[PDB]
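In what follows, a structure is listed as C-alpha cells, so that the remarks can point back to it.
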Amino acid sequence: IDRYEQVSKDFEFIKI
Amino acid sequence: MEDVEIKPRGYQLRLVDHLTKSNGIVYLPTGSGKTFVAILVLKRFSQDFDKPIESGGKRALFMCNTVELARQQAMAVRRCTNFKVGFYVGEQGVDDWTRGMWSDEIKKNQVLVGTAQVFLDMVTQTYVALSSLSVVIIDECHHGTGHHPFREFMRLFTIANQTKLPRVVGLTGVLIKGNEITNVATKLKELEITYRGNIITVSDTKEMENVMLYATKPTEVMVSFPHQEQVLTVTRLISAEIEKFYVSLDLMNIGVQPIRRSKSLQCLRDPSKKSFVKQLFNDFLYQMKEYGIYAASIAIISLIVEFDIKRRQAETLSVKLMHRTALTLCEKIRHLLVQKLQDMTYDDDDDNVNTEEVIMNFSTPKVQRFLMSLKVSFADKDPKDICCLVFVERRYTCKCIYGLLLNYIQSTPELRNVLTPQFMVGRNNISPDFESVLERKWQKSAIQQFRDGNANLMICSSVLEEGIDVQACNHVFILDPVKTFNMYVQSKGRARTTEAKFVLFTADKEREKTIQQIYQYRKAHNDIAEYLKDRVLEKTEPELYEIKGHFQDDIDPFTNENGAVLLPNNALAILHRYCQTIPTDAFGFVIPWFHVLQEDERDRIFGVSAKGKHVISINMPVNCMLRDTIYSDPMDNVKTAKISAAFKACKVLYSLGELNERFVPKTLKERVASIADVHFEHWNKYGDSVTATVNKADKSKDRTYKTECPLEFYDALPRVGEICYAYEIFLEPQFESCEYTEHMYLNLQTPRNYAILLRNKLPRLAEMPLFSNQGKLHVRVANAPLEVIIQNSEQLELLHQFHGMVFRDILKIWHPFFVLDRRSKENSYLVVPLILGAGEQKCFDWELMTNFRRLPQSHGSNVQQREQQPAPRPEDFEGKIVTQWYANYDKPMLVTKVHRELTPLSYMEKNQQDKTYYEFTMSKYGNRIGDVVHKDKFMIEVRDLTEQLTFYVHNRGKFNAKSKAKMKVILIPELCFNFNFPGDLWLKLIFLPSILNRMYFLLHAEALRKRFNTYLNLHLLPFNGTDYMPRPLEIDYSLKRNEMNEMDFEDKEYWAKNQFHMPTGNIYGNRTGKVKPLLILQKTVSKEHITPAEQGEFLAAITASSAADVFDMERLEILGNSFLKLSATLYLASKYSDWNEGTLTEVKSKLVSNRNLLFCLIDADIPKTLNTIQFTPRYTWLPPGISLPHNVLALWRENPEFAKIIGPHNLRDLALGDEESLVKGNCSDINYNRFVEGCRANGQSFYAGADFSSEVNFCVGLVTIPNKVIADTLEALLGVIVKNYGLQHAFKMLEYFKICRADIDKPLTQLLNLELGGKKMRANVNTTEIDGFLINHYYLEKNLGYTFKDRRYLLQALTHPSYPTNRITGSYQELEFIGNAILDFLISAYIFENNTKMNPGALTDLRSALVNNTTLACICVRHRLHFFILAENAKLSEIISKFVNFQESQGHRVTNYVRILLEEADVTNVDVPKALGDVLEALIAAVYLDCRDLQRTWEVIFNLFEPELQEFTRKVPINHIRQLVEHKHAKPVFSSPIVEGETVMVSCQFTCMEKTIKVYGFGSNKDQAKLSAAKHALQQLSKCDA
C-alpha cells in the first residue's frame, strides 16, 4: 500500500 | 638514556617464525596479511627445489577450495617469489595423463597449485611421494570437516611414512562457517585433530582488533518494529501484467530454432536467448519485494539496456517484434515506477515538511523507524563527534539506500549540517558517480575521505565488514537480516567504541524466531573467546620478556680499564641503540633475533653441563660487523638466558671497537676523529680541521695567490756580449685570399717578422690558433733558435726602447705609472723585428729600430707648408702607415695601394660620380686645412685597422654593405701624415699581445707535462722525451661561445619461461651484439696503446672557464671527478672492509670534498700558474718589458696595511715623464711624495673602505680564484692523465697529490685495481647450501648476461639486511658501495670518450641521469632481477610490489612522465625504494669481483644500459632548468633559494592552482626543494586530471 503503519515518538528500544 | 623499543617485530613475522618451528593452524579475521604469511612460509621451506626427486628433491603444494582462489594464489606467488609455479585445477586435461609426465612436470615446476580433486587423484592412484614434499599449505581450512576432501587428504597422512611427512598449515579467516554453531569445543577439537597442529592467533592490543573483539561490548537492543506480510496493489498489478504477458508468450509462432536442453536433462527448457527475459522478470519480481521501487526502476533501466544489446545481437524480425513488445511492457513498468516516485513525494502543499513526511511514508516500517531514530539522534547533536555506518546485504541495496538517504538529507537541512551520505559496492559494478568508475579507486577515495573525517555515513553490502580498519563508529546500522555468525561478529567488532550503542532491526513476528538465535550467537562468541584465551598465542610466547625481571644476583656487570660499569640490564637497550646507528633503508631499524635452542642441540653443543638449563642464540643482522652467532651460557630461566646473551654480545661489540669507553655506540663524528691524523693531515697547516664545526656562511670562497711566470721567461733579459736566442714567429692565414682579405692575407706572408729574444732556450710549442676579423690564423714558433750575439750596450738599449715604443704607440698599452723594466726579473723577454740578412740567415733589422725610437707626433699642416714644402715621392707611401690628421688625429691608417693614375680632379669612383675629389674634400672640409696645392698628383687606397687586442673569438662582425663601404677609402697623400713605418710589420705586431698571452701558459703546460711524465716514469719513452712533436691546439667547438582462462593459458608458456622471461618482443627504439671496448680500458692492460701526453690537453686543463678562451677545462673535470671517486671508493674498501656502508660513504665524500682537493692542491704549488682571468690587455695586463716604478713596488711589498689602501686614482696621480719612464726607472722624489700623501687622503674621502685589490691586483702579481676552480683543476689533471695513460698508470699519481696514503709495507696503490671484497677465506663452506639459497640462479645469470664462477658473490649481492637465514655472507650494501663507483666511472668514461658534440656541462647532467637511483630501479625491475632479493620486511614488500606494478603498467618505459617527479619520494609517502636500485649496483660489483675483468664488466654494464644510453643521449632529461622552464607555461612564479645552514639547506616558494594558491616547500639538499615543488605540481595536475 506504500503507506505501511505510522509510528511516532511512542517507541521503545527494548533490551535483548 | 633508556630509549624504548616496544617489541617492534611484526605479528606477521612472529607468526611465520612460529610456523617454521612446528605445525599449526593460523586464524586471522583481517583479510590482508594471510597472503604475505603464506609467501613467507613458502619461502622458508623453499630450498631443495632444484634437486631432483630421485636424489631427494622436494616440492610444495597449495590447496584452495575454489579455482579463483587458486588463480589469485598463483598470481601472488609469481609476483612475490622466484619459484616456478604450476596451476592444476578441475578437469584441465589432467586426469588423462601418464605417470611419466607427472614426474616430468614435477621436474618442471617447483610449487604446484591446485584444488582437492586433482590432488586426491594425484596421490591415491598416481602416487607421488608425500615424503617428497616440502610444505603443504591450505586456504580456508575451516571448509574441511567430515567427508570434505580436505579431511581425506589429511587422513592420507596416516598411511604413509609418518617420519617423513611434510609441514601442513591451514590459513583461515573464520574458524566456523558462520551458518550455525553448536558444541564449539567438539568442533574445535575435531579441527585440531584434522590438521596436526594447534590454532594460533595474534592478540596484539595496538592495531589488530583481536583483543578488543572480546574485551569490549556496546549496549544491545532491537528496534522491535512491528511488521506484517508485505502487500501492495502495485505489486498485484505488476503480477497481473506479467500473467497477461505470459499467457500470450506461449504463441510466439516464431521460426524453427535449435532445441536447447538442460544440463541435468530433467525437462525441456527454452533457449537462453528466449529465457533471458523470463530470468530477468523473475529477478525483478524478487527485487521489488526486497529492494523497493527506486532500485526496481534502476534495475529495469539496466534490463532495458541489456535488452537493447541483445536486440542488436538479434536478427529475426518476429523475434524483434516480440522483443519490442517486451520492451514496451518494461518501459510501461518503468513509467509507472517513475510516475509513483514523482507523484507521491510532493502530493501536499507544505514542501518543507511534506518532503520529509513522504520519505517517512515511502520507507518500509523498518526504514521508517530507522529514519525517525536517526532524526531524534541528530536533532541537536554536534557534527564533531558523530559517525555511523549502514550494513546491508545486496550490492544494489547500497545505491537504493543512498538515493533514499539523499532524498532524506536534502529534505532536512538541520541534518545536512551534521550528516553526509555515501554508498559503496563491490562486484557487478554499476555507475556510482561521475568519477572513479573502477571499484578499487572508488573504494580508495571512499576510505581516505572517511578516515579524513569529511564524511560520517555510508552504506556497504558487508564490504567493510571484512575487517577494515576504518574509524570505530559509535553506532552501527544493520537494515538487512543478520542471520549469519561471522558477519554478525564482525559487525559487533565495528562497534568497538566504549559505551557505544547498537540496534537490531527485527520485526515483531520475526522477534520470537530470532531472540533464541541471538542467544546462541552470543554464547558461541563467548565460548570461542574463552577457547582461544588459553591457547599459546604470541603474548604467551617468550617474546614478552621486555619486563626485565630482577635476577641480577647470578649475572655480573662488566668494567674496563676506563672503569665504566656495564650493567647487564641495559644490554638490550644499548644493543638496540647500536642497531639504530648502523645504516638502514629507513624501513625501520633491524632488531637482533633471539631464537631459542632445542634441548637436543643444546646437548649437542654443550652436553651434560647445560642439562636442565636454557640457552639462547642472538643473530646479529648482517649489516653490523658481527656476523657469527653468540650462544648464551646456561642457566635456569629463559629471561636470564636472554640477558646473558645480550650482555655477552655487548662485551664482544666493545672488544672489537664499535663502542667507545662509555659503552655507547659511536657516531660518524667520533669515527672520523680516528682518521683525521691518517688521511686529512695536510689540513692542519691551513688553520682548518676535518671536524668542520661550522660550514656554509663562515666559509670564504675566494683566495689570493701570487702568479709566477714560467722558468723560461724568468731572468730572460738578453745580456751584452753573450749569446741570445731569437725565435721567429710565423703567422699562417687559413682563410682564402679574397679581395676583402687581400691586405690581411698578403701582409702576413712577408719574410719580415719579429722574434722573441731570450737568454734561455725555448722548448717546442704547439701551433697557435688565432681568430682575426677576416678569419682564422695559425701561428707557430720557430723550432730552431736563431742564435745571435749583442755587440754593445747601445744596441741593447735600442732594442729595449723599440720594445717599449711598440707597446706605447703602436698598441697603446700604456698607463702613467708604467716604466721600462730594465732589471732582469719575471717576464724579461723582448720582441725584436727580423729582416733578411746575408744569405738565408735572417739578421736584426737595425735600420728600422735606429730611426723609430718613438713615433713622431701626428703633426698637421697648414696650407702654407704644402706650397713651400716639396711634394713627397709616390714610392715613399707604398706599404706604409699614414694618418688622416685633419679628421682623426690618433688613428693610424694603413696604405694598401698607390694610385698614380688618379688625380684630385678625378670624379668619384662610384655612387657619387658627379663629385670630384677636390670638391668633395672642399665641401666636407676646407676649414683648418685651406685648399689643396697639388691638384694633379697621385692618390692612395687605404684600409682601416681593428682596435681589438684579444683574438680568441670565433664569431665575426663583417658585413657586405660594410665590405663595399671599406675599400672606397681614398685619401690625398699630402693631406695625411705618414710615419714611414712598414705596414706588414705593424699588422703583424697588432697580434703580439694574444700570442704572448697564450704562449705564457703554453710554457706552463709544457713544464707541467714534463714533470708529470718524469714522475710516471714514462719520459724515456720514444713518444715522450726529446723526440716529442707537439700537436696543434684543438678548438673545443662544443662550447656555446664557439572467465578469463585464455589469458592464463597463454601465460602458461611464460610460466614455463617463468617470471624471469624478459619479453624482448619490441625494442625500446619503438617508443616513437659485439661491444666496442673502451680505449682507456684497452690501454690499461696493454702498453701498446699508450698515447703521448699532449701539452694542448694540459693547457686546456689549466685555463678555467672564466677566461674567454676557445677551450674550456670543464670537460676533463667530469672524467677526473669520476676517476677520483672510483679510486677513493676502491681505496677505502680495500683499506677498511669491516666498516659499515655509512661511515665508508661519509669518508669517501670527505676525501672528494672541494676543501680537501683545494688543500691538497695548494701544497702542490700548481694553482699559482692558472689561466682564470679574461685577457683584457688595455687595462689589466702588464707587458714584459714594462713595469711599475721600483720604489713604488718596494713600498708596496713592505706595508700590507698601506698596500690595502692604494687606489687606481692614486696610481694615475703619479705623473711620469719620458725621462723617468725610460732612463731613471724609479719615480722622482717629488712625485713619490705627492703620491704617498695623496693616497692617504682616501681615508678622509668617500673612497675609504673600497675594494682596491680587485682593480689593481694585476699591477702586483696577485689574482683571486674561487675555491671551485682549484678542485676543478686537480680533477682535470687527473682526467687527462687517465685519458692518456689509462687507469693502470693514473692510480699511482694520486700518491703525488697525496690524496691516498702510500702504504710503506706494500706498493699496493698500484695493485688496488684487483683487491678483494673483504672476508672470503672464512666462507669456503660447501656450495650446496649456497645453491639452496640461490633458487633458479640460472635464469638470474641469463638475464644479467653473466655466469658466475663463484656463486658466493651473487648471494652476498642478493642479501637484504632484513634476512636472518643467511649466515655466510654479508649484506648487499658492502658490494653496492663498490658498484656505485664502478658503474659511475664506466659510464662517465664511455660518455666522455664517445660523445664529443655534446656540450660540456650537459655531460654532467647526462651522467647524473644515468646514475640516478630511479633509473637503477627501473633497470632492475625491467630485467626482473628483483624476484631474487632475500628480504623479510612487509612494508618494503608492498612498496616494492606497488613500484613493480607501476613500472610494468608503462612497459618499463623511461620516457619522462611521472616517476621522475616521484624522484622526490625516494629515501606523501615513499614510492621508490633504495634497496631495489642498490641491488643492481651490488650485482655489478659482484660481476666485477668474480672475473676481475674490467672489459667483461663493461660488456655486462653496456648490455644492461644500451637502451637508456641510446635514449638519454638523444635528449637528456634535466632537473634544474627543467623545473625552471616547464612551469612558466602558465606558472612563471618562482622564489630565491633561502640558505639555512642547518639540517635543511634550502627553501623555495612557489604557487599552486596555476597562480591563485601559494604553496612553499623546503629542502635538505639543493634539488630536494625543486623535487618537492615538482610533486606539488604533479598533485595539482592530478586535481586537473580529476
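In the C-alpha cells, chains take letters A, B, ... by order of appearance, with residues numbered from 1 within each chain and ligands from 1 in the order shown.
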What's around residue 3 (chain A) at 12 Å? Count only C-alpha atoms, leave out sequence neighbours fewer than 6 positions away in its own chain, and write the answer as a compact mmCIF listing (two decimals) with N, CA and C atoms, in the first residue's frame.
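Just written: out04.txt:
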# COMPACT_ATOMS: atom_id res chain seq x y z
N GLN B 230 4.06 -8.35 3.53
CA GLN B 230 4.03 -7.21 2.63
C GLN B 230 3.00 -7.41 1.53
N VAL B 231 2.15 -6.41 1.34
CA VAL B 231 1.13 -6.42 0.30
C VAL B 231 1.06 -5.04 -0.34
N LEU B 232 0.96 -5.00 -1.66
CA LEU B 232 0.88 -3.75 -2.39
C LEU B 232 0.05 -3.96 -3.65
N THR B 233 -0.89 -3.05 -3.90
CA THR B 233 -1.72 -3.16 -5.10
C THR B 233 -0.90 -2.95 -6.37
N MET B 344 4.07 10.85 -5.54
CA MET B 344 3.74 10.73 -4.13
C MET B 344 4.57 11.66 -3.26
N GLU B 357 7.94 14.03 5.18
CA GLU B 357 6.83 13.16 5.55
C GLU B 357 6.66 12.03 4.54
N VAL B 358 6.80 12.33 3.25
CA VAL B 358 6.64 11.30 2.22
C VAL B 358 7.73 10.24 2.34
N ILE B 359 8.95 10.66 2.68
CA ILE B 359 10.04 9.70 2.87
C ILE B 359 9.78 8.86 4.11
N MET B 360 9.21 9.47 5.16
CA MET B 360 8.76 8.69 6.30
C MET B 360 7.59 7.79 5.93
N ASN B 361 6.95 8.04 4.79
CA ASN B 361 5.90 7.16 4.28
C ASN B 361 6.38 6.28 3.13
N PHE B 362 7.35 6.76 2.35
CA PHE B 362 7.94 5.93 1.30
C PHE B 362 8.64 4.71 1.90
N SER B 363 9.35 4.90 3.00
CA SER B 363 10.16 3.84 3.58
C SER B 363 9.30 2.75 4.20
N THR B 364 9.83 1.53 4.21
CA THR B 364 9.20 0.44 4.92
C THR B 364 9.25 0.71 6.42
N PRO B 365 8.36 0.08 7.21
CA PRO B 365 8.32 0.41 8.64
C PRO B 365 9.66 0.28 9.34
N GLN B 368 11.34 3.24 8.30
CA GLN B 368 10.68 4.37 8.96
C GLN B 368 11.24 4.58 10.36
_So that I can check the surroundings of region 827-844 of chain B, please list as a PyMOL selection string every protein, DNA and RNA residue that reaches within 7 Å of it, counting only C-alpha atoms and ignoring chain neighbours fewer than 5 positions away._
chain B and resi 709+713-717+752-758+799+803+1184-1185
*List every residue of region 74-176 of chain B that DSSP, applied to the backbone of this structure, places in helix (DSSP H, G or I), and write the result as a PyMOL selection string.*
chain B and resi 74-80+99-108+116-124+130-132+141-143+149-158
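The neighbours of residue 448 (chain B) here are the residues that come within 12 Å of it, using only C-alpha atoms and leaving out any residue fewer than 5 positions away in the same chain; they are residues 441, 442, 443, 453, 454, 455, 469, 470 and 471 of chain B.
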Residues from last step as file, N, CA, C and O atoms, as a CSV table (one decimal), in the first residue's frame:
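Result went into selection.csv, see below:
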chain,number,residue,atom,x,y,z
B,441,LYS,N,39.5,2.3,-7.2
B,441,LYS,CA,39.7,3.7,-6.9
B,441,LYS,C,38.5,4.3,-6.2
B,441,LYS,O,38.7,5.2,-5.3
B,442,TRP,N,37.3,3.9,-6.5
B,442,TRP,CA,36.1,4.4,-5.8
B,442,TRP,C,36.3,4.1,-4.3
B,442,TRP,O,36.0,5.0,-3.4
B,443,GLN,N,36.7,2.9,-4.0
B,443,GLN,CA,36.8,2.4,-2.6
B,443,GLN,C,38.0,3.1,-1.9
B,443,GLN,O,38.0,3.4,-0.7
B,453,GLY,N,37.8,12.3,8.0
B,453,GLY,CA,36.7,13.0,8.8
B,453,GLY,C,35.8,13.8,7.9
B,453,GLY,O,34.9,14.5,8.5
B,454,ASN,N,35.9,13.7,6.6
B,454,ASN,CA,35.0,14.5,5.8
B,454,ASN,C,33.6,14.0,5.8
B,454,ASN,O,32.6,14.8,5.9
B,455,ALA,N,33.4,12.7,5.9
B,455,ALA,CA,32.0,12.1,5.9
B,455,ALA,C,31.8,11.4,7.2
B,455,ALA,O,32.7,11.0,7.9
B,469,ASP,N,40.0,-1.4,8.8
B,469,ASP,CA,40.5,-0.6,10.0
B,469,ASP,C,39.9,0.8,10.0
B,469,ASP,O,40.6,1.7,10.5
B,470,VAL,N,38.7,1.0,9.5
B,470,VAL,CA,38.1,2.3,9.4
B,470,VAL,C,37.8,2.8,10.9
B,470,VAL,O,37.9,2.0,11.8
B,471,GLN,N,37.5,4.1,11.0
B,471,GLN,CA,37.2,4.6,12.3
B,471,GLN,C,36.1,3.9,13.0
B,471,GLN,O,35.1,3.5,12.4
_Residue list for chain A near chain B as a ChimeraX atom specification, 6 Å, only C-alpha atoms_ = /A:1,3,13-16
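Reported to one decimal place, the separation of CA of residue 178 (chain B) from CA of residue 486 (chain B) is 5.0 Å.
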Backbone-only DSSP, strand (DSSP E) members of region 499-532 of chain B, as a compact mmCIF listing (two decimals) with N, CA, C and O atoms, in the first residue's frame:
# COMPACT_ATOMS: atom_id res chain seq x y z
N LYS B 501 26.48 2.39 21.16
CA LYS B 501 25.12 1.89 21.01
C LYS B 501 25.02 1.05 19.75
O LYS B 501 25.65 1.36 18.74
N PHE B 502 24.22 -0.01 19.81
CA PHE B 502 23.95 -0.89 18.68
C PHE B 502 22.49 -1.29 18.69
O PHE B 502 21.93 -1.61 19.74
N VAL B 503 21.87 -1.27 17.52
CA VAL B 503 20.46 -1.63 17.37
C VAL B 503 20.35 -2.86 16.48
O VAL B 503 21.22 -3.14 15.66
N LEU B 504 19.25 -3.59 16.66
CA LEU B 504 18.92 -4.74 15.85
C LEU B 504 17.58 -4.49 15.16
O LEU B 504 16.62 -4.04 15.79
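Shortest atom-to-atom contact with residue 1169 (chain B) among B:896, B:1273, B:491, B:580: B:1273, counting only C-alpha atoms.
Interatomic distance, CA of residue 723 (chain B) to CA of residue 802 (chain B): 20.1 Å.
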*asked:* Can you pull out the residues contacting residue 66 (chain B)? Cut-off 8 Å, using only C-alpha atoms, and skip same-chain residues under 3 positions away; I want them as an NGL selection string.
replied: :B and (69-70 or 115)
Output file for the selection above: N, CA and C atoms, as a PDB file, in the first residue's frame:
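Produced file result-v8.pdb, reproduced below:
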ATOM      1  N   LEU B  69      40.362 -18.719  -6.159  1.00  0.00           N
ATOM      2  CA  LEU B  69      41.324 -18.598  -5.070  1.00  0.00           C
ATOM      3  C   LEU B  69      42.683 -19.143  -5.489  1.00  0.00           C
ATOM      4  N   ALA B  70      42.687 -20.281  -6.187  1.00  0.00           N
ATOM      5  CA  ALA B  70      43.939 -20.836  -6.686  1.00  0.00           C
ATOM      6  C   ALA B  70      44.610 -19.897  -7.676  1.00  0.00           C
ATOM      7  N   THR B 115      43.426 -27.740  -6.651  1.00  0.00           N
ATOM      8  CA  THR B 115      42.272 -27.966  -5.797  1.00  0.00           C
ATOM      9  C   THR B 115      42.330 -29.372  -5.206  1.00  0.00           C
TER      10      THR B 115
END
_Please compute the CA of residue 1284 (chain B)-CA of residue 1097 (chain B) distance, one decimal, in Å._
9.6 Å
*All residues 8 Å or closer to residue 64 (chain B), only C-alpha atoms, same chain fewer than 6 positions away omitted, as an MDAnalysis selection string*: chainID B and resid 70 114:116 138:140
Output C-alpha atoms of each residue in that selection to a file, as a compact mmCIF listing (two decimals), in the first residue's frame.
# COMPACT_ATOMS: atom_id res chain seq x y z
CA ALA B 70 43.94 -20.84 -6.69
CA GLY B 114 45.56 -26.91 -7.36
CA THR B 115 42.27 -27.97 -5.80
CA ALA B 116 41.22 -31.03 -3.82
CA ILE B 138 45.92 -24.87 2.56
CA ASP B 139 43.49 -21.97 2.48
CA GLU B 140 40.11 -21.63 4.23
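Shortest separation to residue 1470 (chain B) among B:1537, B:1435, B:1457, B:704 occurs at residue B:1435, atoms counted being only C-alpha atoms.
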_Test item: residues at most 7 Å from residue 1362 (chain B), only C-alpha atoms, excluding those fewer than 4 positions along its chain, as a PyMOL selection string_ = chain B and resi 590+1431-1433
